[PDB]
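This report refers to the structure that appears directly beneath it.
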Amino acid sequence: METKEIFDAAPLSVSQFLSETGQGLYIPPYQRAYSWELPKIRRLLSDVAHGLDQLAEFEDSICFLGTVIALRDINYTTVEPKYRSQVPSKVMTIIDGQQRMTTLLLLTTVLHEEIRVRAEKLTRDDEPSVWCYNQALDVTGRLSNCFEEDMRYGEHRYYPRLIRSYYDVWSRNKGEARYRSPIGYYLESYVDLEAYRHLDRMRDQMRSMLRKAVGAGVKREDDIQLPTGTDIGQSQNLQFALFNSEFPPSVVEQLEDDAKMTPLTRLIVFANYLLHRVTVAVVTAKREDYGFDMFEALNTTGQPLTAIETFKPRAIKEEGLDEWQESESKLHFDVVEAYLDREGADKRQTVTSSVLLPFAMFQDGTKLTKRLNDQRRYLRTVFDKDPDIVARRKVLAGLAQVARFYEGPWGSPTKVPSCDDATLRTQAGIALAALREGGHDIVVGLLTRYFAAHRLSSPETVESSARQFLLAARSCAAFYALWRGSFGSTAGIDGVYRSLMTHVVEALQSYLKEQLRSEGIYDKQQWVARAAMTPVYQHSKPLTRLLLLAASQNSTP
Amino acid sequence: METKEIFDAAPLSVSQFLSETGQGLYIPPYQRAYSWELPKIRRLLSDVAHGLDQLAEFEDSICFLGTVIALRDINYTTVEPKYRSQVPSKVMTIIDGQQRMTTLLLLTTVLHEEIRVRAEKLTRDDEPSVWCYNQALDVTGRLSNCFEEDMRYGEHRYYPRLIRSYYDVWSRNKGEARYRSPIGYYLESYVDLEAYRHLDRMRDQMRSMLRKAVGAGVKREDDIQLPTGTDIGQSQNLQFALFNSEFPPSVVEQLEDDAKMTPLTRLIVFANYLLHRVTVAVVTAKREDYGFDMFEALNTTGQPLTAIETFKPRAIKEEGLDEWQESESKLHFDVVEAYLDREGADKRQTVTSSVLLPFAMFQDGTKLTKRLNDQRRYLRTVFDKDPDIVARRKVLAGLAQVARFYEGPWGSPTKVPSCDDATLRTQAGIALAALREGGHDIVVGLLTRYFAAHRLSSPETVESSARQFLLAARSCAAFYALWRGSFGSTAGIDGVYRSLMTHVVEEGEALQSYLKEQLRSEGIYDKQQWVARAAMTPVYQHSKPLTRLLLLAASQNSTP
Amino acid sequence: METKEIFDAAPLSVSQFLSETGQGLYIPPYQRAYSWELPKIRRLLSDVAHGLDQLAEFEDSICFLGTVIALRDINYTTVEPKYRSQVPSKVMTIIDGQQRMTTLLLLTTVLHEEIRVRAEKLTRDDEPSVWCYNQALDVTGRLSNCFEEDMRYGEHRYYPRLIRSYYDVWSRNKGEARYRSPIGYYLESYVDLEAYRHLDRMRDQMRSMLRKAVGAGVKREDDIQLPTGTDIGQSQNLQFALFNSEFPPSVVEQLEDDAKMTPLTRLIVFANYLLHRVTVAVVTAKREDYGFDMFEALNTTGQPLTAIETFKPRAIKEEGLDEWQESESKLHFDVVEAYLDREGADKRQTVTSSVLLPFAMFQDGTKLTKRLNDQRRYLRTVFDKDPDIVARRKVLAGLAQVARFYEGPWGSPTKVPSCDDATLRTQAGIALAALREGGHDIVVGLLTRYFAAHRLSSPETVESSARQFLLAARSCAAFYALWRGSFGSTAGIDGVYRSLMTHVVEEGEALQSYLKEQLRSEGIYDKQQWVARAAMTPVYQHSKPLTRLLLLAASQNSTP
């Protein structure tokens, strides 16, 4: 009867799936122990963060924690200890996604207690802040709806039939932590014990990553960016989407001050964006062998489409159409060429991410990120910000980031003006050679205005730009040598390079030196001192840069 | 896109529909006030009782409280006072079915409070009876999941915005009665105020309707047939269906003792059969004018087909097949004739029930009852109890009850043998004219089987004998009827009539006289006593019986 | 598992339900013979016409031919002659809706043949009108997709397996009309022979019906409202919704010229609206007894709500809000009372439609029509036509139509002024008694507006002027009624009275007499002629009109 069970696929928010009134999710006897890796959880948390984030301006935009294949066991022929009296009504045996799910439940754990204990630090009563107290109470109860249920009496299932897995006992223990009134202080959890070790650690680390995103520190290389109170309140769309109703005006302005609740409310905002706007795909097969054949049917489908391949059509079908071997077609020819050369399947994705992320800075300096979502949407927003005249420029600017990839960065470094005070060329080539070796990669986007030098009013004012570019390359490598070379590490450089693009030749030397003065690093002595106690074993490249910078000099003294 | 919203229909149990964790059922302003009438609530509780009842033997059979049309109001454009911060997420503005809904909501109420306080008189801890305390706890929670939800804090939806309708105030007030710890004592409630009066009354009357079916008194004319502990424990099907798992053997035997827990556990079985095995159909249109046009489209469709009309297909398709102008075709021709005659539209259902209810006695005396389910299933069980020689007989027996319907009961009273000691004929004609006027109606089935054996007698060979035994049965039946009527009431006479067609034995006319007298004595007879009860009666029970007794004291003095 | 099969309900257009490449629809042995009656078939055709009509302006608005309950007979345990080799794969056994279905199928037939032979009469080739041939061709193909399917070869199912039910032979024979190219002439068809006769009739009377709506004659009392080419081509919504594409500009103007291809296209447009925008709802039970229990569950749901009952909410919640025991509340009080009295359930809708249709004339006189859609929407458009001050006036006009229902019209006729030249009161009372006996019911609105402004007149200051003008109005109204009835029959009069409530002008009592006489001329007046037409009449058209005319010659002889 083919339209038969076989499949049954349904989209569910996390709370539709996890807070069902009868259901129980069951890890089968053949699935292994937890075994997810802190980068993969970082990725998952940052992806739901992307959902929360993109929600404020694109009213739709739904996140997607993948799919799970489950087997609707009616006859409880799966449940490990039978004890048929009190098995739940709906038992879902998770085939695939058993690792995903386990982080997700644990996420509610951190999101419960944090949101809970920050609500115990709440001011009891003062103003629209008890507003925050109820908005907490609501989400906390609604997450306790995700861990567990009530049922009859005693210990949650008869009187001696218990829960001992890593995820299982872990969840039983957070249940206990929440149940216990008394006072709301922070919690602390307690075959191969490596299982339990990894699970408890990853749980406590999710609690850490979230306790991280709550009071300033900055990170980028990790950390996930909850929109903050200062900008949660200027977006009606987030208000309504997450709380079905606009916030008290009497609350957005104590949010504007970044008050004691703006950490807690941020957690809360994330929690509701987690609980109602991120969706898992569930396929419930009702015969497990169909589950397996369907597991294969799900693992062998995809190839991939590059963000450039996914938007080319929207150029090819924007201003140019059919009779479209046109101007923007030349600008595209360039980038399709570069990608065809510097790649060939996952190589295609990493390369094109290499081109879209500096182009990001190149336009109004937004920090693009890998995710095919953000790439599709950034290219489309930028392009479609105007009419069929700036469209041309946006596309040519991708092509130009490409041209820059071919000249200076890698390639063979030589090229710029070749003769324009030739000492200057032979030395700024070192900037282009070294900056292509460590944390300076935004330097690539800012320097991508020898693109301005290539796109010039020709001979009229060509050499002036051919010179400006060398100058920027140098000053790039120099401020680099300082910041990275001088004490600390990167992330800094990266942010400040971002804003010396949006927040505004000699102009960049002045601002970059200005930022150096800001970092308490402008004034001889100090910097040399700070530099002395760095490491170099930070960047082998930086080490050699500095050694050559004290050495090569003594060829004129 | 026509496949669009328009409809979107789904079957849901009571708990699937009422206890959604986000949902709110909202009656639009144009709907009228509650205004259901106690007969209709009797009908609904009795029908869920029929479902529970027929559950123990038919593992399937699901009850069916009609359908409701609703509107998935997303923009809350329906809600009377807005106050949008704390409106629920899913608001289901009920188009049709607003009254069923109220009775059903109220039902959870009675079943909550009763199930609750009976569990407070529970024995705390002794045995498999704390099984009863836990099963109570479970159903209590699952029914409170039908009234209300938790939401933020304060009084359950902001702080100065309240719920004041007739159905609304009822539910807010029972919510309070349930929430308040203290101790578990029985409850007591508190435009036109007649509205509120009727609703509050109906609710307490469902409580009086269920608390009745729990300690002995008997009714038939009312009170619903909740299966009893003495027969709830011998059906695994009910055990598993309502509780997912077979009862502790250590409890079915304190159930067999009809112990103190047995009303409460019976109630619990009833509540679970309601909350999980009766299902309502929901149609959610997503544009209210579509809701209206659908309301109309659903309102004008059905006719109905009589249980005989639905069974011919299974007779004409048993032994006879297409090549079916056969014997059972003749026996059914008889019944089809009578029903085409004695009817033409709801008259059809009333008539075919008149024919089916005595025949059920005619076979091995099961008591048929109006419901098209039970009629369909009895006819098929009776029919498919053997093979194609007895089937013919089953069908012929229906035909013969029909023939009876034409001879005696109604008809013209006259006929029996016409000449076989004509005094006895002119007398038994009176028994036949009388019994068709009051509670003596199972007697119709018995006289149908006796003169059935007379019309179908060994003609000539043994015919006159049956022609006489029939009129003898008729006289003896009107007499036992007069005795049991001057007792006090019917009901008992019908059950005695019912087992004297099942409770006999003597290997494979006088028998009936002897057995009827034996029952009359198991009651009270012996001249004197009987006469006493006669003075005790009323005459204002059945006008027919009064006129009969007057003639039986009068006509006698034409020989003395 | 309660969520189980049980239901499965889905909305499907005529062509999604009927033209599945796998489905075969089967009427079980217990369903009766066809037995629908021409009124119900008209009503259904008029309702799909009403959907067509409302499509052109309300782009969404979908038609709705009710529901059908079916049994997904997978194992073929229902199908009478088996022959399993070739039974279709998907069989739906129709529990309820078998007559709907049967008319609808035959309709595809009538719509097939008409569109077909009318498309063979086309001009071969001249213009976008070969457009007409192509749009016909598409419609004809998709409608035969509803009668039948292909499969292998020979007589459409092996070689000795043939089809003899009434619908069956009918649809097999119409199929044959379609397959045999040969030549394109109109068709001619050929248990109890009544069954077959009635069905063959109903279909030729369907061809007769839809066959009318294409060339002039008019009927109203029957006939249906197919949109006209002159207004089919000006509706891009109809263009797009029914053909996915806007007509040739090059075709809409030979459509506006009302040319030869304007009947065929109107038919085509009707067929495509049938095939794509009317939707039936199907409930697929997969166990026949579930279908039965639910047949009941659907037949026992609805009451009904009158259009005034549904508009009340938008009155009580417009300007007046909660704080609303106000002015408009009394104006409604009046009408809610009037309907609550002259009724108590189908009486309610007949009564409230009786009030709304003349109220429709009292305001800007639009011709309302029974249909609860059009009734709700008229009330809502009228009321919400402005702001919170004239709305009051609309509601009061409803109340006043009620008041007139109580004063003059029926009641006891007496009421007007009682004394204001009392000859005129006792005389116009006859107008009020007589005109309330036959087709003069549109007059009801005019007399209701005259004595409405009389009861709502400048008290004393100009009251008696209004109170006399009202009796004058009744007198003049019964006069125009008598003249036009002695012409031949109504309808005409109804249209003229109608336009005399809209077709006027003179800045913002005698006027009505003047306009009624001016129309009487527009037809024919001037003594002699009228007298002639008098002899022409019937009186046996309206017994009431006969008596009025008899009194109009007799009583006169009491002064001469």
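Following the order of the structure tokens, first chain is A, next is B, and so on, with residues numbered from 1 inside each chain and ligands from 1 in the order they appear.
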Select residues of chain C: the criterion is any atom within 12 Å of an atom of chain A, counting only C-alpha atoms; output as a PDB file with N, CA, C and O atoms, in the first residue's frame.
ATOM      1  N   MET C   1      -5.598   2.839  19.445  1.00  0.00           N
ATOM      2  CA  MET C   1      -4.605   3.891  19.209  1.00  0.00           C
ATOM      3  C   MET C   1      -5.231   5.237  18.854  1.00  0.00           C
ATOM      4  O   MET C   1      -4.544   6.159  18.424  1.00  0.00           O
ATOM      5  N   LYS C   4      -5.763   6.656  15.352  1.00  0.00           N
ATOM      6  CA  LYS C   4      -5.839   5.671  14.275  1.00  0.00           C
ATOM      7  C   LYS C   4      -6.582   6.094  13.019  1.00  0.00           C
ATOM      8  O   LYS C   4      -6.958   7.259  12.855  1.00  0.00           O
ATOM      9  N   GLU C   5      -6.756   5.134  12.109  1.00  0.00           N
ATOM     10  CA  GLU C   5      -7.521   5.381  10.899  1.00  0.00           C
ATOM     11  C   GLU C   5      -8.744   6.221  11.212  1.00  0.00           C
ATOM     12  O   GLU C   5      -8.876   7.348  10.714  1.00  0.00           O
ATOM     13  N   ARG C  72     -12.313   2.540   2.607  1.00  0.00           N
ATOM     14  CA  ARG C  72     -11.157   2.174   1.800  1.00  0.00           C
ATOM     15  C   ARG C  72     -11.114   0.653   1.755  1.00  0.00           C
ATOM     16  O   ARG C  72     -10.443  -0.009   2.549  1.00  0.00           O
ATOM     17  N   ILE C  74      -9.752  -2.325   0.908  1.00  0.00           N
ATOM     18  CA  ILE C  74      -8.485  -2.760   0.375  1.00  0.00           C
ATOM     19  C   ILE C  74      -8.578  -4.205  -0.046  1.00  0.00           C
ATOM     20  O   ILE C  74      -8.136  -4.576  -1.134  1.00  0.00           O
ATOM     21  N   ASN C  75      -9.191  -5.033   0.798  1.00  0.00           N
ATOM     22  CA  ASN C  75      -9.270  -6.468   0.577  1.00  0.00           C
ATOM     23  C   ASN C  75     -10.514  -6.869  -0.203  1.00  0.00           C
ATOM     24  O   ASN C  75     -10.742  -8.058  -0.425  1.00  0.00           O
ATOM     25  N   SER C  89      -7.548  -0.889  -8.110  1.00  0.00           N
ATOM     26  CA  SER C  89      -6.705  -0.983  -6.938  1.00  0.00           C
ATOM     27  C   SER C  89      -7.339  -0.282  -5.742  1.00  0.00           C
ATOM     28  O   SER C  89      -7.493  -0.878  -4.669  1.00  0.00           O
ATOM     29  N   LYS C  90      -7.759   0.961  -5.928  1.00  0.00           N
ATOM     30  CA  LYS C  90      -8.390   1.754  -4.881  1.00  0.00           C
ATOM     31  C   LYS C  90      -9.904   1.743  -5.050  1.00  0.00           C
ATOM     32  O   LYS C  90     -10.425   2.296  -6.023  1.00  0.00           O
TER      33      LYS C  90
END
Selection near residue 106 (chain A), 10 Å with only C-alpha atoms, sequence-local residues under 3 positions removed, as an MDAnalysis selection string: chainID A and resid 101:103 109:112 147 167 170:171 174 199:200 202:204 206:207
Chain C contacts to chain B at 6 Å (only C-alpha atoms) as a list in words: residues 7, 9, 11, 12, 29, 30, 66, 297, 299, 302, 310 and 313 of chain C
Export C-alpha atoms of the chosen residues as a PDB file, in the first residue's frame?
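Once everything was written out, this is again-v1.pdb:
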ATOM      1  CA  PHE C   7     -11.321   9.368  10.495  1.00  0.00           C
ATOM      2  CA  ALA C   9     -10.823  13.500   6.352  1.00  0.00           C
ATOM      3  CA  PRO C  11     -11.013  18.331   1.138  1.00  0.00           C
ATOM      4  CA  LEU C  12     -10.931  17.454  -2.568  1.00  0.00           C
ATOM      5  CA  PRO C  29     -25.614  -3.553  -1.423  1.00  0.00           C
ATOM      6  CA  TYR C  30     -27.439  -1.807   1.472  1.00  0.00           C
ATOM      7  CA  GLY C  66     -21.119  18.618   1.583  1.00  0.00           C
ATOM      8  CA  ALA C 297     -21.875  11.174  14.649  1.00  0.00           C
ATOM      9  CA  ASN C 299     -25.815  13.331  11.387  1.00  0.00           C
ATOM     10  CA  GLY C 302     -25.710  20.991  14.187  1.00  0.00           C
ATOM     11  CA  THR C 310     -24.246  36.283  13.543  1.00  0.00           C
ATOM     12  CA  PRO C 313     -21.832  40.488  17.562  1.00  0.00           C
TER      13      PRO C 313
END
DSSP-assigned alpha helix (DSSP H) among region 158-232 of chain B, expressed as a count of residues only: 38
Name the residues in contact with residue 55 (chain B) at a cut-off of 12 Å, using only C-alpha atoms, excluding same-chain residues fewer than 4 positions from it; report them as an mmCIF file with N, CA and C atoms, in the first residue's frame.
data_model
loop_
_atom_site.group_PDB
_atom_site.id
_atom_site.type_symbol
_atom_site.label_atom_id
_atom_site.label_comp_id
_atom_site.auth_asym_id
_atom_site.auth_seq_id
_atom_site.Cartn_x
_atom_site.Cartn_y
_atom_site.Cartn_z
ATOM 1 N N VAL B 48 -21.560 7.134 26.434
ATOM 2 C CA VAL B 48 -20.190 6.778 26.821
ATOM 3 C C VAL B 48 -20.214 5.532 27.695
ATOM 4 N N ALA B 49 -21.292 5.345 28.466
ATOM 5 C CA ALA B 49 -21.471 4.105 29.214
ATOM 6 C C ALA B 49 -21.613 2.922 28.275
ATOM 7 N N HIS B 50 -22.355 3.097 27.184
ATOM 8 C CA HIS B 50 -22.484 2.050 26.179
ATOM 9 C C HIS B 50 -21.140 1.697 25.589
ATOM 10 N N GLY B 51 -20.316 2.693 25.338
ATOM 11 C CA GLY B 51 -18.984 2.416 24.856
ATOM 12 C C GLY B 51 -18.172 1.618 25.854
ATOM 13 N N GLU B 59 -13.042 -5.799 21.562
ATOM 14 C CA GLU B 59 -11.792 -5.135 21.937
ATOM 15 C C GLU B 59 -11.669 -3.777 21.284
ATOM 16 N N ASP B 60 -12.275 -3.628 20.119
ATOM 17 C CA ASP B 60 -12.320 -2.364 19.412
ATOM 18 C C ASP B 60 -13.359 -1.391 19.976
ATOM 19 N N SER B 61 -14.534 -1.337 19.322
ATOM 20 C CA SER B 61 -15.685 -0.462 19.581
ATOM 21 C C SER B 61 -15.353 0.825 20.314
ATOM 22 N N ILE B 62 -15.424 1.948 19.622
ATOM 23 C CA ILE B 62 -15.087 3.216 20.238
ATOM 24 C C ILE B 62 -16.319 4.115 20.268
ATOM 25 N N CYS B 63 -16.469 4.845 21.368
ATOM 26 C CA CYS B 63 -17.571 5.767 21.532
ATOM 27 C C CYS B 63 -17.321 7.028 20.714
ATOM 28 N N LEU B 226 -22.829 1.412 34.273
ATOM 29 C CA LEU B 226 -21.432 1.203 34.562
ATOM 30 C C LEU B 226 -21.205 -0.231 34.923
ATOM 31 N N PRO B 227 -20.351 -0.899 34.164
ATOM 32 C CA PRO B 227 -19.916 -2.238 34.554
ATOM 33 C C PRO B 227 -19.403 -2.223 35.984
ATOM 34 N N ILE B 232 -15.724 -6.331 36.276
ATOM 35 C CA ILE B 232 -14.601 -5.595 35.680
ATOM 36 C C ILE B 232 -13.289 -6.375 35.744
ATOM 37 N N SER B 235 -12.161 -9.331 32.728
ATOM 38 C CA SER B 235 -11.972 -8.977 31.318
ATOM 39 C C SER B 235 -10.611 -8.313 31.150
ATOM 40 N N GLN B 236 -9.596 -9.072 30.717
ATOM 41 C CA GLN B 236 -8.293 -8.457 30.452
ATOM 42 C C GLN B 236 -8.411 -7.306 29.471
ATOM 43 N N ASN B 237 -9.347 -7.394 28.528
ATOM 44 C CA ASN B 237 -9.422 -6.393 27.471
ATOM 45 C C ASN B 237 -9.594 -4.996 28.057
ATOM 46 N N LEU B 238 -10.497 -4.861 29.030
ATOM 47 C CA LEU B 238 -10.713 -3.591 29.716
ATOM 48 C C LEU B 238 -9.490 -3.170 30.523
ATOM 49 N N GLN B 239 -8.905 -4.113 31.267
ATOM 50 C CA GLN B 239 -7.695 -3.864 32.041
ATOM 51 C C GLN B 239 -6.644 -3.163 31.198
ATOM 52 N N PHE B 240 -6.199 -3.841 30.139
ATOM 53 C CA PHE B 240 -5.157 -3.293 29.281
ATOM 54 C C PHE B 240 -5.610 -2.000 28.631
ATOM 55 N N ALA B 241 -6.854 -1.954 28.137
ATOM 56 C CA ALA B 241 -7.292 -0.788 27.378
ATOM 57 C C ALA B 241 -7.260 0.467 28.225
ATOM 58 N N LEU B 242 -7.709 0.379 29.462
ATOM 59 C CA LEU B 242 -7.810 1.601 30.231
ATOM 60 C C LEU B 242 -6.552 1.891 31.009
ATOM 61 N N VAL B 269 -12.647 3.607 36.198
ATOM 62 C CA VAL B 269 -12.765 2.940 34.903
ATOM 63 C C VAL B 269 -13.606 3.780 33.953
ATOM 64 N N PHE B 270 -14.702 4.347 34.457
ATOM 65 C CA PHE B 270 -15.557 5.201 33.634
ATOM 66 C C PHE B 270 -14.808 6.425 33.132
ATOM 67 N N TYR B 273 -12.301 5.454 30.497
ATOM 68 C CA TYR B 273 -12.939 5.180 29.220
ATOM 69 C C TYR B 273 -13.350 6.465 28.544
ATOM 70 N N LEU B 274 -13.781 7.475 29.313
ATOM 71 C CA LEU B 274 -14.098 8.775 28.712
ATOM 72 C C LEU B 274 -12.850 9.475 28.206
ATOM 73 N N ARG B 277 -10.937 6.498 25.447
ATOM 74 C CA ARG B 277 -11.565 5.626 24.460
ATOM 75 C C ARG B 277 -12.817 6.184 23.785
ATOM 76 N N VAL B 278 -13.382 7.303 24.242
ATOM 77 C CA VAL B 278 -14.387 8.021 23.454
ATOM 78 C C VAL B 278 -13.665 9.134 22.718
ATOM 79 N N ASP B 374 -25.555 -2.145 18.660
ATOM 80 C CA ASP B 374 -25.935 -3.382 19.316
ATOM 81 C C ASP B 374 -26.841 -4.218 18.422
#
All residues 12 Å or closer to residue 381 (chain A), only C-alpha atoms, same chain fewer than 2 positions away omitted, as a list in words: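 Everything that qualifies: residues 57, 58, 311, 314, 360, 363, 364, 366, 374, 375, 376, 377, 378, 379, 383, 384, 385, 386, 387, 391 and 394 of chain A.
Take CA of residue 91 (chain B) and CA of residue 19 (chain B): the distance between them is 13.0 Å.
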Top pick for closest residue to residue 165 (chain A), considering A:127, A:33, A:215, A:145 and counting only C-alpha atoms: A:33
Residues within 12 Å of residue 213 (chain A), only C-alpha atoms, excluding chain neighbours under 5 positions, as a PyMOL selection string: chain A and resi 45-46+49+111+114+206-208+218-220+222-228+262-267+270
Among listed residues B:517, B:328, B:323, B:114, nearest residue 391 (chain B) (using only C-alpha atoms):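 The shortest atom-to-atom distance to residue 391 (chain B) comes from B:328.
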Which residue of C:496, C:210, C:472, C:331 approaches residue 109 (chain C) most closely, using only C-alpha atoms: C:210
Top pick for closest residue to residue 66 (chain A), considering A:286, A:404, A:100, A:347 and counting only C-alpha atoms: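 The answer is A:100, which sits nearest to residue 66 (chain A).
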Length of the CA of residue 255 (chain C) to CA of residue 212 (chain C) vector [Å]: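 About the pair CA of residue 255 (chain C) and CA of residue 212 (chain C): they are 18.5 Å apart.
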All residues 8 Å or closer to residue 516 (chain A), only C-alpha atoms, same chain fewer than 4 positions away omitted, as a ChimeraX atom specification: /A:479,483,512,520-522
Contacts of residue 252 (chain B) at 12 Å (only C-alpha atoms; same-chain gap of 3+ positions) as a count of residues only: 27
Using only C-alpha atoms, tabulate the residues of region 269-355 of chain A lying at most 12 Å from any atom of region 79-95 of chain A, each with its closest atom pair and that distance in Å to one decimal, by chain and increasing residue number, as CSV.
residue,atom,partner,partner_atom,distance
A:282,CA,A:94,CA,9.9
A:283,CA,A:94,CA,10.0
A:284,CA,A:92,CA,8.2
A:285,CA,A:92,CA,9.9
A:286,CA,A:92,CA,10.0
A:287,CA,A:93,CA,11.1
A:288,CA,A:95,CA,8.7
A:289,CA,A:95,CA,10.7
A:290,CA,A:95,CA,11.1
A:291,CA,A:95,CA,7.4
A:292,CA,A:95,CA,8.1
A:293,CA,A:95,CA,11.5
A:294,CA,A:95,CA,10.3
A:295,CA,A:95,CA,8.2
A:296,CA,A:95,CA,11.7
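Residue nearest residue 463 (chain A), chosen from A:241, A:321, A:143, A:419 and counting only C-alpha atoms: A:419.
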